[PDB]
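The chain below stands alone, shown as structure tokens; this is the form deposited in one PDB entry.
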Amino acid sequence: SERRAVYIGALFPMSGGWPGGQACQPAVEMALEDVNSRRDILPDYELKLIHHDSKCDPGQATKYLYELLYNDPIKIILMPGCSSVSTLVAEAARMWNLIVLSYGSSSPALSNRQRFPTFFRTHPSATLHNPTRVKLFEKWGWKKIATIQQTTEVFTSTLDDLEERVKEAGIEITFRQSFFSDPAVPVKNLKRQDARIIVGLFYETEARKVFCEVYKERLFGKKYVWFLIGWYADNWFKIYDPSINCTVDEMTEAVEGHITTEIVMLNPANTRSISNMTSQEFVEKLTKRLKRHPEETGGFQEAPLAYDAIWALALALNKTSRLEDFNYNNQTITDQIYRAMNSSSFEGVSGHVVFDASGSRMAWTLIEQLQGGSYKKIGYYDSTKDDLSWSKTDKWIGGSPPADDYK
């Protein structure tokens, strides 16, 4: 007769490198309202949230994790946002037998079952770009690839995964260059080696420096194909930087034709998911709960992943159905949920929600090409089903893709 309360211990980065809890906390709250008003899901339970601002800081998150674990009520799951906060909470959680579900972690390191045994994330790993990259090389018939990276762990881990993945496809990495901050020499050597198909991983500030150097070394043309990450700000190359000798026109010249990969986080289609909302309805509903515009809202685009995280948990808890008896000293309930979370399959606001063996989200990638200083969508790729959606909008000089070598 009485619905039993069941708790989530969440962490939202409202400040920091990713103030993603700004749109994710309301998205989580909306998702809890929707799940609790459904009688087909958890008729006997009420999902409640207890949260703190991680400030996207692990030292800060440590105070709150203690606050979450060492004060009543007992929490059945832990929900962190940042990769740096998830690396801390996911490794520690084992001692309290807690499932960790992240909505915003992209770190490939988090796909490590030994280190992070009870971890799942609705946010995919940065390595998801890699099956899309290999498929694009296969489509355009390239077997020789160059790689340039800023000296960051994310970029190191993503490139390590690319090496393994390219091999399974019969392709090889010709040259691998890295730089902490200044790309003058690696860009220099790329031209020396006559590298022709290049993948570059760096942040936006560094991409500008790479392209000025690419500007200086005549390393753009029909001969060259650059692959980049699709998450830079619009007109990232027209952005002014006092540390770049190159100009807007020159830079618009260099970036032209480059390919980008980015994770699809909102279903483009007008179909209705488990909540019975369309992608456009979710966006409209979320815009209303916000103090400010979606534009000045951090993690606005990761908000569907946060919404779908609550549904993934709800559906997993529904599959198990003795939740009030959970204790940090016991593995029994944890393992049943692990099993239930592991076999997740549903349509969410972000699309089809499924996790791989490592607890990492499987999703569609959007492929774009910079045409006339603007990105045009050339396709979408589904890694799990080898599905490639191709739109005949890709434009190449001389009517065709260049090649990995001299010919």
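Residues carry their position along the shown sequence, with the first being 1.
There is also a form deposited in another entry; it is not shown, and the following applies to it.
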_Treating the chain as two rigid parts between this form and the one not shown, do residue 315 and residue 376 fall in the same one?_
no
*Versus the form shown, are the CA atoms of residue 352 and residue 385 closer or farther apart in the other form, given a shift of 3 angstroms or more?*
farther
*Say whether the C-alpha atoms of residue 357 and residue 103 sit closer together or farther apart in the other form than in the form shown here, given that their separation changes by 3 Å or more.*
closer
